[PDB]
Structures are given as C-alpha cells and as structure tokens.
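All chains are named by letter (A, B, ...) in the order of the sequence lines, taking the proteins before the strands, and each is independently numbered beginning at 1.
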4 protein chains.
Amino acid sequence: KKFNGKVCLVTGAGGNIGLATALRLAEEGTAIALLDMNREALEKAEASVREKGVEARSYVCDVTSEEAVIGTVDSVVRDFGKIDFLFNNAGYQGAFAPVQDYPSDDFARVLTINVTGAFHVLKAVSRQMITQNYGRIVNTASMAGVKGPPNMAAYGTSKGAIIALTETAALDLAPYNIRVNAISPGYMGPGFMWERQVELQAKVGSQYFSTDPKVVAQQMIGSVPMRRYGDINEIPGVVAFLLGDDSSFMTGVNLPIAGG
Amino acid sequence: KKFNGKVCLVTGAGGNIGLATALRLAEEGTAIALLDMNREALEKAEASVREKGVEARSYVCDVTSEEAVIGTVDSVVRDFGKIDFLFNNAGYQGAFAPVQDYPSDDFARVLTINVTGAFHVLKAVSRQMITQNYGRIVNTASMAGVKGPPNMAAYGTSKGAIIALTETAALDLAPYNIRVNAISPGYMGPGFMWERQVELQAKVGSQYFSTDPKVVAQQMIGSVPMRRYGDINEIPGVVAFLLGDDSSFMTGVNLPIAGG
Amino acid sequence: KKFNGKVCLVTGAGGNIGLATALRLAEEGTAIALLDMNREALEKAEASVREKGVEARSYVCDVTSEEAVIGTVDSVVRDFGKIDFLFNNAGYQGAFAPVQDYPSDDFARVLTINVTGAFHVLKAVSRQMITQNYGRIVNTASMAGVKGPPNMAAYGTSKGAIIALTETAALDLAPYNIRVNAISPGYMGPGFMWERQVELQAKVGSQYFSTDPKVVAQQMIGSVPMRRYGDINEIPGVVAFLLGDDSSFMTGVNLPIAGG
Amino acid sequence: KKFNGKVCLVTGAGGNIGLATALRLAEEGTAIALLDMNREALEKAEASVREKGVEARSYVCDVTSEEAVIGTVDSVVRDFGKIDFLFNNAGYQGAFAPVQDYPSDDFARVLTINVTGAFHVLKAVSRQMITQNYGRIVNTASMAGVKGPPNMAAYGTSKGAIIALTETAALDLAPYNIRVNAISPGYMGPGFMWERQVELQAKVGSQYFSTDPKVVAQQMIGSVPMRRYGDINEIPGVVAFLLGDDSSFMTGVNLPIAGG
Ligand SMILES: NC(=O)c1ccc[n+]([C@@H]2O[C@H](COP(=O)([O-])OP(=O)(O)OC[C@H]3O[C@@H](n4cnc5c(N)ncnc54)[C@H](O)[C@@H]3O)[C@@H](O)[C@H]2O)c1
Ligand SMILES: NC(=O)c1ccc[n+]([C@@H]2O[C@H](COP(=O)([O-])OP(=O)(O)OC[C@H]3O[C@@H](n4cnc5c(N)ncnc54)[C@H](O)[C@@H]3O)[C@@H](O)[C@H]2O)c1
Ligand SMILES: NC(=O)c1ccc[n+]([C@@H]2O[C@H](COP(=O)([O-])OP(=O)(O)OC[C@H]3O[C@@H](n4cnc5c(N)ncnc54)[C@H](O)[C@@H]3O)[C@@H](O)[C@H]2O)c1
Ligand SMILES: NC(=O)c1ccc[n+]([C@@H]2O[C@H](COP(=O)([O-])OP(=O)(O)OC[C@H]3O[C@@H](n4cnc5c(N)ncnc54)[C@H](O)[C@@H]3O)[C@@H](O)[C@H]2O)c1
Ligand SMILES: [Mg+2]
Ligand SMILES: [Mg+2]
Ligand SMILES: [Mg+2]
C-alpha cells in the first residue's frame with residue numbers, strides 16, 4: 001500500500017472526479033486536504049474520506065481568489081506539514097452554444113476558474129514543493145482541450161490552455177524534483193454532469209448532435225471505440241500512476257482517458 | 001490580383017506581423033480595416049497600407065472591451081459593406097518568469113487580451129460572416145501554444161487556448177461557408193519583440209538559457225533546424241494562403257511557421 | 001505566374017492527385033517530369049500537361065526498384081538540367097480488413113510501395129538538390145497516418161511513417177536550402193478510390209460503418225465538418241504553396257486537407 | 001500483487017527493456033513467455049525471470065518470419081493455456097545517417113523488423129485474445145516516432161508506423177475487450193545501446209550534434225528537462241500500468257517516457 005506518509009491537496013474535492021480520486025489516494029494511505037468552493041459537498045466528501053482511516057481536513061476556498069488560495073495552502077502546510085501531491089482538478093463546464101452566440105461573460109468565467117484558478121493553486125503549491133525539493137502534480141485537462149468540441153468555445157480553450165500550462169510547468173519545476181502531468185478524460189458517466197452535457201448539446205441544435213437528448217447520448221457513446229462512456233472510477237488510478245514512482249521519468253505528458 | 005474586391009479586418013494592425021500581413025493582402029488587392037489599441041501605430045500603418053492602392057481605414061479599439069469590439073465591427077461593416085477575411089492577431093507577450101514566481105496579475109492580463117479579446121473579435125466578426133454565408137479567419141497562435149516554453153506560463157497557455165478555440169470555431173462555423181485556421185510562428189526576428197524575448201529569457205537565470213543575451217540568441221537560433229530565426233515577412237504569405245481558395249478544403253488546422 | 005524556369009518531378013503522375021498537381025504547377029510555368037509505373041496512365045497524363053504549354057517528359061518507373069528510381073532521376077537531370085521540386089506522391093491504398101485478419105503479404109506490400117518506395121525517390125532526388133543547394137519537397141501522407149483508421153492497418157502505418165520520415169528529412173536536408181513537408185488528404189471523392197473505400201469498408205462489417213455501401217458513403221461524408229468529401233482539385237494549391245516562397249520558413253510540417 | 005495467474009508474451013525478451021519489463025511483471029506474479037531471435041540472451045533472460053519464482057519459458061523466433069511467429073504463438077498457448085498480455089517490443093535501431101546517404105537495404109530491414117514483424121506478432125496474438133475476449137497489448141514506439149530525429153530516417157519512420165498501427169489496432173480490437181497502447185521512450189541510459197546512439201550520431205558529423213562522442217552524450221542529456229537520461233527500469237512500471245486495470249478506459253494512446 002504505497003503513498004503512506006504522503007500528503008495530497010485535491011481541489012474540486014467535493015465533485016465527482018475529486019472525491020473519487022481522494023478515496024483512491026486514501027485507500028492507498030495518502031493523507032488528504034480537501035479544497036472546494038462548495039461547503040455542503042466538501043463536508044460530505046470529507047466524511048467519506050475520513051472513513052478510509054487517513055488524516056483528512058477540508059478547506060472552503062474559491063480558487064479564483066488568489067488571496068484565498070494562498071491562505072488556504074498555507075493552512076494546509078501548517079495542518080499536514082507538507083504537500084507531496086497536488087490533483088489540480090476544480091473546474092466549471094461552461095455554457096453550450098456555437099461560438100457566434102457564446103455568452104461572453106461565461107467565456108471569461110470559464111477561463112478564470114479553469115485556467116487562472118488552476119494557476120493560482122499550481123503557483124502556491126509549487127513554491128512549497130520547491131522548499132521540499134519534492135512534488136508530483138496532476139492537472140485535470142480534458143479531451144475538449146486535445147481537440148476543441150462543437151459548442152464548447154470557452155471550455156475547450158480553457159483545457160487546451162491547461163495542456164500548455166502543464167508543459168511549461170513541467171519545464172520550470174523539473175530542477176526541483178517536481179513532475180507535472182495532465183489527464184484528459186473523454187465521455188464519463190453516468191450520474192450527472194454527463195446528463196448536463198447531453199441535455200445542453202441537445203438544446204443547441206447544431207449539426208453535430210440531435211435535439212433529442214436520448215439520441216444525443218447514443219451519438220456520444222457511439223463515437224467511443226469501446227462503445228461506452230467511462231466510469232468516473234476509471235480516473236483515480238490514472239492519477240495515482242502519474243503521482244507515483246512508476247511515472248518517474250514522465251513529466252509534461254497528457255493522458256487521454258477516453259476509450260480510444 | 002486575387003482578393004480584388006475582398007475586405008480584411010486585421011487586429012494588432014499597428015504591430016509587426018499585423019502590418020506586414022495587411023500590406024501583403026493589400027498588394028493582392030484587398031481593402032483593409034486596421035484595428036489596434038495604439039493610435040500612433042495605427043496611423044503610420046494605415047498610411048503604409050494605402051500606399052498599396054487599396055481603400056484602408058483605422059479603428060482604435062481595445063479588444064478586451066466587448067462593447068468596443070462590437071461597436072468597431074459595426075463601423076467596419078458600415079464603411080466597407082462586409083468583412084470577408086479576419087486576421088485575429090492582436091496579442092501581448094507577457095512577463096518571463098518560472099511558474100512559481102509568475103506575476104499573477106500579468107497571468108490574467110495575458111489571458112484576457114490573447115484569449116478573451118481574440119474571442120470577442122471572433123464572435124462579433126463571425127456573426128457578420130454568417131450573414132454573408134462567407135468568411136475566412138486566421139487566428140495567430142504560436143509555437144508556444146504547440147508546446148509550452150519555459151518561463152512563459154501565461155503566454156503558452158493563452159496560445160494553447162487559441163489552438164483549441166480555432167478547432168471549436170471551425171466546427172461551429174463550417175455550415176455557413178466559413179473556415180477557421182491558425183498560424184503558429186516560432187522564433188521571428190529582428191526587432192525588440194525578438195530582443196525582449198532574448199533579453200527577458202536571459203534575465204530569468206533558468207537552466208534553459210544562458211544569462212548572457214548573446215548566448216541566448218545563439219541558443220534560440222541554434223534550436224532551429226534552418227539555423228536562423230524567421231523574417232516577419234515570411235508570415236503574410238501563409239496567412240494569405242489560409243484565407244484564399246487554395247486552402248478551400250482546410251479548416252480547423254494550425255500551421256507552424258518555425259524553421260523545422 | 002511563378003515557377004517559370006522551375007523543374008518538378010512528380011511520382012504517381014498518371015494518377016488523379018498527381019495529374020491534378022502537375023497541371024497546376026504547369027499552369028504556373030513549371031516544366032514537369034512525370035514518373036509512374038502505369039504507362040497508359042502516364043501517356044495520357046503527359047498529353048494533358050503539354051497542353052498547358054510547358055516542357056514535359058514521362059518516365060515509366062516502379063519506385064520500389066531503387067535501381068529503376070536512380071536511373072530515372074539521372075535521366076530527368078540530363079533531360080531537364082536540375083530538379084527544383086519533388087511531389088513524392090505514388091501510393092497504393094491497400095486491403096481493408098480488421099487487424100486480426102489483415103492479409104500479411106499485402107501489409108508488406110503497402111510498406112514497400114508507400115514508404116520504402118517514397119524513400120528511394122526522396123534519397124535519389126535529395127542528392128541532386130544538395131548538389132544544387134536548392135530544393136522543395138512535398139510528400140503525400142494521409143489523415144490515416146495522422147490517426148490510424150479502422151480496417152486500414154497497413155495503409156495507416158505507411159502514412160504515419162511518411163509523416164516521421166518527412167520530419168527527419170526536413171532536419172537532414174535543412175542545411176542545403178532544401179525544405180521537406182507533407183500533405184494529409186482526408187476523404188476525397190468521387191471516383192475509383194472513393195468507391196473502393198466505401199465498398200470495402202462496408203464489406204468488413206465492423207462496428208465503424210454500416211454494411212450497406214450507400215450508408216457508408218453518407219457516414220464518411222457525415223464525419224466531415226464541411227459535410228462533403230474533398231475534390232482532388234483542392235490539393236494542387238496546397239502542394240504549390242508548400243513548394244513556393246510563401247512557405248519559406250516552413251519545413252517538417254504536415255498539412256491536413258480534410259474538411260475539419 | 002495483481003497479475004497473479006496472468007500470462008504475458010514479451011518479444012525482444014532478451015534485450016534491455018524486454019528483460020527489465022518481464023522481471024517487473026514477474027514480480028507482480030505474471031508468467032512470462034520470452035521471445036527473441038538470440039538464443040543466448042534468452043537463456044540468461046529466462047534465468048533471471050525464473051528467479052522471481054514464476055513459470056517462464058523461452059522461444060527462439062525471428063518475428064520477420066510469419067510462419068515462425070504463428071508457430072511460436074501456438075506453442076505459447078499450448079504451454080501456458082492463454083496469452084493475457086503482450087509486450088510487442090523486439091526492434092532494431094538501424095543505421096545512423098542523413099537521409100541522402102541512408103543505406104537503402106538497411107532502410108527496408110528496419111521497416112520489416114520494427115513494423116512488419118511487430119505486426120506479425122500483433123495479428124497472431126490478437127487472434128488468440130479474441131478467442132478469450134480479453135487482452136491488453138503494449139507496442140514499443142519511441143520518441144523518434146513522435147518527432148522524426150536527425151539521421152534516423154528508417155527508425156523514426158518505423159516508429160511513426162507503430163503509433164498509427166497502434167491506433168488502428170485499438171479501434172479494430174476494442175469490441176473484444178482488448179486494449180492496445182504504446183510507449184515512446186526518449187533517451188534511456190546508460191549501457192551500450194545508449195552508447196551506440198551517442199557514438200553513431202557523433203560519427204555522422206551533422207549540425208545536430210558534436211562530432212565528439214563525449215559531448216554528444218552531454219547534449220542529449222542537456223536536451224532533457226529533467227536533465228538526465230531515463231533508466232531502463234523507469235519503463236517497466238509504465239508497461240504494467242498500460243496492461244493493468246488502472247488504465248481500463250485507455251486504448252489507442254502513446255505515452256512518452258522522456259523526461260519532459
Ligand atoms: N465529467 C467529465 O466527463 C469530465 C471530462 C473532462 C474533464 N473534466 C474535468 O474534471 C474536473 C472535475 O470534474 P467533475 O467531473 O468532477 O465535475 P464536478 O462538478 O462534480 O466537480 C468540479 C468541482 O470543482 C468545484 N469548483 C468549481 N469552481 C470552483 C472554484 N472557483 N473554486 C473551488 N472549487 C471550484 C465544484 O464546486 C465541484 O465540486 C474539472 O476540471 C472538469 O472540467 C470532467
Ligand atoms: N514576434 C514573434 O516572434 C511571435 C511569435 C509567435 C506568435 N506571435 C503573435 O503574433 C501576433 C502579432 O505579434 P507581433 O510580433 O506582431 O507583436 P506586436 O507587439 O508588434 O503587435 C501586437 C499588436 O497588437 C496590439 N494589441 C495588444 N493588446 C491589444 C488590445 N487589448 N487591443 C487591441 N490591440 C492590442 C498592440 O498594440 C500591437 O500593435 C500576437 O498574437 C503575438 O503573440 C509573435
Ligand atoms: N485519393 C484519396 O482519397 C487519397 C487520400 C489520402 C492519401 N492519398 C494518397 O495520395 C497519393 C495519390 O493518390 P490518388 O488519389 O492520386 O491515387 P491514384 O490511384 O489515382 O494514383 C496513384 C498513382 O501512383 C502510381 N503508383 C503506385 N505504385 C507505384 C509504384 N510502385 N511506382 C510508380 N508509380 C506507382 C499508380 O500507378 C497511380 O498512377 C497516394 O500516395 C495516396 O495514398 C489519396
Ligand atoms: N533503448 C532505448 O533508448 C529505446 C528508446 C526508444 C525505443 N526503444 C525500442 O524499445 C525496444 C526495446 O529495445 P532495447 O532498448 O531493449 O534494445 P535491445 O537491443 O536490448 O533489445 C531489442 C531485442 O529485440 C531482439 N530482436 C531484434 N530483431 C529481432 C527479430 N527479427 N526477431 C526477434 N527478436 C528480435 C534483439 O535480439 C534484442 O533482444 C525496441 O523496439 C527499441 O527500438 C528503445
Ligand atoms: Mg493544445
Ligand atoms: Mg482515372
Ligand atoms: Mg505520427
């Protein structure tokens with residue numbers, strides 16, 4: 001059971017992928033600092049992680065506020081003593097509309113949470129890892145960043161930005177024994193947020209998907225070679241691999257988790 | 001002269017690549033709407049363009065203001081009647097510092113001008129191109145967005161965003177006879193933008209470049225297979241190719257202009 | 001009308017893309033050396049080119065035979081004096097079958113004609129260009145090389161090899177004022193090639209396409225954002241662009257011609 | 001210990017990466033079927049594997065001979081009963097020379113061993129895996145296939161072919177619960193295969209490296225962000241990740257193991 005004595009700051013920890021990844025890292029003996037802007041979801045997640053029997057604490061923090069991020073990371077360093085791993089995962093999906101009708105205020109919001117916020121967290125945590133001369137970081141990008149999808153102007157651009165940020169961060173931090181990589185999930189389901197993407201692409205009425213949500217879900221699944229959307233639980237193991245020693249000579253890489 | 005009869009809106013038109021491209025398109029016959037936030041630069045550029053024998057006009061506009069962009073685009077349409085081509089090129093280079101010390105305010109600034117501003121222009125202009133059922137767009141990305149460079153966290157992420165946005169826009173706009181592509185210049189020189197980069201990279205003291213500017217320019221040119229930086233004038237032709245009919249079945253692509 | 005005085009060796013010249021491209025280069029004043037193994041196709045192609053009014057000669061040659069290629073290039077050099085351009089285009093589509101039943105002999109044949117054969121030509125011709133300290137080369141790859149398609153194991157591998165060979169050759173030949181690039185056409189129609197692709201994909205019965213050829217054609221067209229296959233006449237201008245001076249700082253690049 | 005009861009066929013099992021990978025898989029409880037053309041290296045390699053306390057057997061076989069490949073695979077299924085995992089790794093490094101001087105016989109030999117032979121193995125084994133409706137495959141590509149390197153025309157081309165072939169095979173075999181992925185090692189040292197690369201690049205005297213072998217080695221390490229070549233033992237864990245359940249929703253992907 002590796003990761004014993006390791007500490008991981010998970011952002012967006014109250015959400016689907018963040019909670020699922022925290023549990024896996026915990027099951028592995030990792031101590032977890034949960035960070036999310038959503039208090040209710042945060043505490044519900046903290047409870048599920050505590051059972052795993054590892055040390056764990058929560059921090060309500062809006063990553064777009066750098067002052068709140070810096071204070072929170074400092075409280076984390078104070079509460080756990082160090083931050084070995086970072087799963088820089090908080091994010092917002094954005095509206096769905098073709099570019100000519102894309103809500104402009106929403107576009108800046110997507111960039112601010114997904115890029116600037118992810119950067120606030122990476123910067124503050126990286127300074128700490130530098131003092132430790134050790135650290136492994138995984139940034140959550142997306143297949144939308146690998147190839148811009150229809151009606152997702154903002155999100156796609158935010159995730160493509162994350163992929164480049166990951167490469168630049170990998171180069172800057174390499175000298176301090178820190179590695180930085182990214183994961184790019186494709187269609188993940190079910191539950192919800194899969195339903196959001198299905199309903200909202202359907203509502204657009206572009207040539208890319210039907211306006212019938214049941215039909216859209218089939219077109220999306222139908223595009224995956226494995227012919228299923230992925231289960232949220234198929235992501236934590238990729239994260240763990242990128243944080244652990246088997247990826248020791250890997251940095252600056254982006255792993256599609258998309259069924260082909 | 002192809003392009004005879006066409007109208008191209010060029011943003012960042014008072015700057016290096018923007019002016020060079022405007023001139024080349026004017027030599028081919030296209031009327032030019034120049035857009036830049038720098039009035040002094042615009043005016044010198046507008047006079048050079050008119051020397052080529054086409055109609056040319058200037059619009060002082062900060063692309064970060066959507067209200068200014070929409071106002072300007074409307075005036076461009078009132079003055080020229082249409083907008084056939086768009087060279088979405090205004091940009092800011094950003095600071096040079098490793099990620100752990102990257103100025104946070106600058107980070108948001110780079111993203112707002114390079115991604116949100118670029119998006120404001122793309123949205124307003126594509127609305128007009130849809131009305132025409134005709135449009136060709138070229139977004140200026142960068143080799144920095146193709147692979148994130150050291151000490152350029154914000155700039156590389158902004159151009160990685162432009163590459164994905166170009167893909168999404170291409171998908172969204174294909175049904176209306178609009179194509180959307182990008183160019184990704186590598187090391188281009190001489191001049192102070194080339195000098196700013198040599199100088200500011202040298203200043204960081206990172207492992208990637210010497211602290212001596214003469215050695216940094218050597219290291220940069222020495223990383224290019226053609227062993228020379230590119231001339232700014234080796235960009236206009238590429239933009240013209242992506243706007244004209246020789247690229248009629250290409251959209252959503254990104255062209256490296258980098259020497260190998 | 002540039003290319004006056006230029007000499008272009010086109011392989012696969014009797015073929016569709018080859019003849020289309022030779023005509024366009026002839027229209028720009030370039031003299032054409034036509035190379036193909038198919039004599040009937042060649043003579044009809046040559047007649048079409050001469051009609052353009054430029055110097056032209058045909059060479060029956062099987063590119064898989066290095067000795068035939070060497071002797072042929074020597075003859076083109078005596079007959080025209082030099083070889084400024086090369087469109088390394090001859091190719092074979094291969095069988096269509098899922099990998100577990102892909103015909104092994106055919107697999108080897110696809111690699112020999114599409115890779116080894118293109119390499120024989122590229123080597124022989126680059127020697128002449130180094131002697132002239134000038135040359136521009138375009139290799140015909142394919143979207144199947146950019147992303148391996150279903151049931152096309154050999155063809156995809158052959159074009160993915162062409163994309164790498166193009167990058168190495170660009171590096172190797174850079175010091176001699178030689179540029180080497182590639183084009184990657186996607187779906188092209190109508191005609192024999194298109195009919196074959198559709199028909200043979202339908203016959204496989206794989207999950208990727210309908211078993212009814214009428215539907216398979218619609219599915220292929222349907223996968224394209226521009227919602228049409230491309231016309232081979234949308235390829236010559238791209239080759240011409242990669243050969244001429246507007247691409248002067250571009251080498252080692254691969255241009256998708258795929259509709260999105 | 002996952003993989004208890006698993007059987008993995010490893011080709012090039014007498015070589016560095018193949019032996020290192022089989023040992024790691026044996027430590028996880030995997031029975032190894034070692035395949036190579038060199039009997040003596042197989043003997044030593046199998047000796048090392050046995051010592052991990054798992055069932056292991058060796059097979060002398062030239063992957064370029066399809067008849068030998070099918071016969072060997074049948075024997076493996078007879079001796080172990082099934083083939084759950086495949087590490088398709090045998091390969092030949094090729095000559096080192098600028099394309100214009102690349103030895104043509106060697107060019108073909110490289111393709112035949114690295115592509116056709118890997119294909120022979122992939123085909124025969126996928127047929128078995130289809131029978132089980134279960135299989136995980138890892139093909140060894142290389143960073144040379146990700147971007148064509150100077151003086152390695154044949155090798156880069158063969159590895160670019162492997163990456164495309166990996167994508168096609170992932171599509172073809174996905175319906176039978178089989179996944180196919182690749183790894184792309186960068187600079188791996190020390191040893192004599194690394195020394196061979198260093199010595200032969202130095203020998204070419206191209207502009208890409210020093211002519212002094214000692215300096216070449218430093219230039220290669222210096223191009224790595226992590227500033228060190230990777231250890232061969234930093235590859236096994238990646239292959240194991242790609243064969244195990246943590247990569248359950250990943251197929252058609254290529255993982256660089258290159259230091260940045
Ligand atoms: N679900 C998918 O299919 C999918 C695919 C690709 C990428 N992703 C990405 O994975 C990550 C996690 O996504 P999910 O699937 O877990 O969704 P999710 O909504 O359940 O979780 C995202 C979490 O981040 C939090 N968050 C949002 N804005 C924040 C802010 N300003 N400060 C702090 N926390 C904030 C939310 O409150 C939420 O708990 C995101 O980056 C998302 O874009 C998801
Ligand atoms: N020079 C290079 O080597 C290089 C390499 C890769 C990409 N680029 C990109 O090419 C484009 C043109 O760059 P350059 O080389 O021409 O530099 P430049 O500074 O000369 O021109 C950029 C121009 O955009 C304008 N601009 C900046 N912010 C603006 C705003 N908010 N609103 C309106 N105009 C604004 C500036 O006033 C300037 O005239 C940029 O997007 C740049 O990032 C340049
Ligand atoms: N047509 C398409 O849809 C398409 C799509 C992607 C890539 N391509 C590639 O474009 C190129 C030309 O395609 P096409 O559409 O023109 O096909 P085509 O069949 O019309 O012509 C190919 C030509 O090459 C010649 N040729 C084949 N083997 C040869 C050999 N050993 N020696 C000399 N000549 C030989 C043929 O005789 C023929 O004249 C090929 O490399 C092909 O794979 C075509
Ligand atoms: N060493 C590196 O730095 C590096 C980097 C990228 C990719 N690779 C690739 O990784 C794989 C492993 O290579 P290595 O590093 O282990 O070198 P290696 O020489 O130690 O092992 C290659 C093994 O394959 C065998 N082989 C060669 N031709 C064969 C044939 N026709 N039939 C059966 N077996 C054959 C060899 O005899 C040898 O045992 C190769 O595909 C190689 O090209 C290696
Ligand atoms: Mg990108
Ligand atoms: Mg015909
Ligand atoms: Mg490739």
Taken to the nearest 0.5 Å, the spacing of A:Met188 CE from A:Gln197 CD works out to 11.0 Å
Nearest heavy-atom approach of A:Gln93 to A:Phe96 is OE1-CE1, 3.4 Å
Requested in this report: Give the intermediate values and the outcome of side-chain hydrogen bond (donor to acceptor under 3.5 Å, both in side chains) for residues A:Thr166 and A:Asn139.
Outcome: CA-CA 7 Å; A:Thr166 298; A:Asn139 287 320; 3.0 Å; yes
All heavy atoms of D:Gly244 vs all of D:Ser247, minimum pair found to be O-OG, 3.1 Å
Q) So, D:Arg179 side chain and D:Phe249 main chain: donor-acceptor pair closer than 3.5 Å or not? A) no
A quick test of your reading: do over 12 heavy atoms of other residues, nucleotides or ligands sit less than 6.0 Å from NZ of D:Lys2? yes
Value for CG (D:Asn88) from CD1 (D:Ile162), rounded to nearest 0.5 Å, stands at 6.5 Å
Would you say the side-chain atoms of C:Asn151 and C:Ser206 include a donor-acceptor pair closer than 3.5 Å? yes
* To do: Salt-bridge test for A:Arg228 and A:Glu234: reply yes if a basic N is under 4.0 Å from a carboxylate O, no otherwise.
  => yes
A:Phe209 side chain near A:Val198 side chain, heavy-atom distance below 4.5 Å | no
| message | Is the ring pair C:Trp194/C:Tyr229 parallel, tilted or perpendicular, if the boundaries are 30 and 60 degrees? | response | perpendicular
Residues at least two apart in sequence or cross-chain that pass salt bridge (charged side-chain N to carboxylate O under 4.0 Å, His left out) with A:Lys147, listed by chain then number, are none
Whether C:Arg227 engages the ring of A:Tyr208 as a cation-pi pair (distance to the six-membered ring centre under 6.0 angstrom, angle to the ring normal within 45°) should be assessed.
yes
Looking only at heavy atoms, the pair that brings A:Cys8 and A:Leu25 closest together is SG-CD1, 3.5 Å
Exercise. Taking the side chain as C-beta and beyond, is there a heavy-atom pair between D:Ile137 and D:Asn181 under 4.5 Å?
Worked result: no
**Asked** Side chains of A:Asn254 and A:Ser184: do they bring a donor and an acceptor to under 3.5 Å?
**Response** yes
Go through D:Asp246 and D:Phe241 one step at a time and tell me if the side-chain contact (heavy atoms from CB on, under 4.5 Å) criterion holds. CA-CA 7 Å; D:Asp246 281 341; D:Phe241 164 68; 3.8 Å; yes
Geometric class of the D:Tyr134/D:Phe85 ring pair [parallel <30°, tilted 30-60°, perpendicular >60°]: tilted
#### Entry: Pairwise side-chain contact, A:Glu167 with A:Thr251, heavy-atom cut-off 4.5 Å (strictly under)
no
Please confirm whether the backbone N or O of A:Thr140 pairs with a side-chain atom of A:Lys159, one donor and one acceptor, at under 3.5 Å?
-> yes
The reported gap from NZ in C:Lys214 to OG in C:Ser210 (rounded to nearest 0.5 angstrom) is 8.5 Å
Between the CG atom in C:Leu111 and the CZ atom in D:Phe119, the distance rounded to the nearest 0.5 Å is 9.5 Å
**Study point:** Residues D:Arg136, D:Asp84: salt bridge by 4.0 Å N-O rule
**Key:** no
Closest non-hydrogen atoms of B:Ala164 and A:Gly145, given as atom of the first, atom of the second and distance, are CB-O, 4.2 Å
Min side-chain heavy-atom separation B:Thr168-A:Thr157 under 4.5 Å
no
Practice problem: Determine yes or no for a side-chain-to-main-chain donor-acceptor pair under 3.5 angstrom, with D:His120 supplying the side chain and D:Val63 the backbone. | Solution: yes
- Query: How far apart are the C-alpha atoms of A:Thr21 and A:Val10, what are their side-chain angles, what is the distance that settles it, and do they pass the side-chain contact (heavy atoms from CB on, under 4.5 Å) test?
  - Reply: CA-CA 8 Å; A:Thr21 304; A:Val10 175; 5.5 Å; no
request  = Indicate yes or no: at least one non-hydrogen side-chain atom of C:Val224 is less than 4.5 angstrom from one of C:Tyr187.
outcome  = yes
Shortest non-hydrogen pair, D:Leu173 vs D:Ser126, comes out as CD1-CB, 3.6 Å
For D:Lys6, the salt bridge (charged side-chain N to carboxylate O under 4.0 Å, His left out) test, sequence neighbours excluded, returns none
State whether the number of non-hydrogen atoms from other residues, nucleotides or ligands found under 6.0 Å of A:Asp245 atom CG is greater than 12.
-> no
Side chain of A:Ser158, backbone of A:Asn114: donor and acceptor closer than 3.5 Å? no
**Message:** Between D:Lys123 and C:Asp101 (salt bridge meaning N to carboxylate O under 4.0 Å), is one present in this structure?
**Reply:** no
For A:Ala45 and A:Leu19 the tightest heavy-atom approach is CB-CD1, 3.8 Å
Close side-chain approach of D:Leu255 to D:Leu242, heavy-atom, < 4.5 Å:
yes
Close side-chain approach of D:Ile183 and D:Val138, heavy atoms under 4.5 Å: yes
- Passes side-chain hydrogen bond (donor to acceptor under 3.5 Å, both in side chains), D:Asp172 versus C:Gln100? Steps please. CA-CA 8 Å; D:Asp172 290 350; C:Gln100 70 272 21; over 6 Å; no
field: Worked check of side-chain contact (heavy atoms from CB on, under 4.5 Å) between C:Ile221 and C:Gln218
entry: CA-CA 5 Å; C:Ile221 281 162; C:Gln218 293 174 153; 5.7 Å; no
Rounded to the nearest 0.5 angstrom, the CZ-CZ distance for A:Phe3 and A:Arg24 is 8.5 Å
Next item on the list: Start with the C-alpha gap between A:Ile163 and A:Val146, add the side-chain angles, then the distance that decides, and say whether side-chain contact (heavy atoms from CB on, under 4.5 Å) holds.
Entry: CA-CA 8 Å; A:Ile163 291 169; A:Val146 171; 3.8 Å; yes
Worksheet item: Can you check whether A:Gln219 reaches A:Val216 side chain to side chain, under 4.5 Å on heavy atoms?
Response: yes
Distance col, row D:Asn89:CG vs D:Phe87:CZ, nearest 0.5 angstrom, shows 3.5 Å
Exercise. Taking atom types as modelled, is there a side-chain donor on D:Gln132 or D:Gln128 under 3.5 Å from an acceptor on the other?
Worked result: yes
